[PDB]
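All Cβ positions, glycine included, derive from the backbone under ideal geometry; neighbour counts span all protein chains shown. Every number here is computed from the coordinates shown, using simple stated rules; none is lab data.
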Amino acid sequence: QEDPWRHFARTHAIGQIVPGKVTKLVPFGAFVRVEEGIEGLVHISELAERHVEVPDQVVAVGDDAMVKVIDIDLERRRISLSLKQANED
């Protein structure tokens, strides 16, 4: 243990806004590539304040967007980000 997923914690400061790559998406959340092996899911609400049907409206496959790293769940190999807070801070 204490490898890649951990490595993020020891390498990236939480709360910073970082450009990632939206590789995959689904109607409830989108997956951004921040570091190899960890993908950040962004809830449909974190995308926009209005009715978003599918993340594709805002972020499609291959989208490179700076998002705020709000949390890191390295024990579940997950990472949390929100475009709302990215614009907020």
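Brief remarks follow.
- With helices as the sole contributors, the chain gives -4500 deg cm²/dmol at 222 nm; each DSSP H run of n ≥ 4 counts as -39500 (n - 2.57), and the sum is divided by every residue.
- Karplus-derived HN-Hα couplings along the stretch 22-29 (A = 6.51, B = -1.76, C = 1.60, θ = phi - 60°), whole Hz, x at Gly and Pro: 6, 8, 10, 8, 8, x, 9, x
- At most 15 other Cβ within 10 Å, DSSP loop - GluC sites (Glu not before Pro), the chain: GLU2, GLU36, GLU49, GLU53, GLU75
- Contact order normalised by residue count of the chain, Cα under 8 Å, 6+ apart, percent: 32
- Remark: the chain carries a charge dipole of roughly 80 debye about the Cα centre, counting +1 on each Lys and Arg Cβ and -1 on each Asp and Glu Cβ.
- Largest GNM mean-square fluctuation among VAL32, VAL52, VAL22, using the chain with Cα springs under 10 Å: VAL52.
- Backbone N within the stretch 26-47 under 17 Å of label point (7 Å from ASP63 Cα along the Cβ vector): 26-34, 39-47
- Shape box of the chain [Cα atoms, principal axes, largest first, Å]: 40, 25, 19
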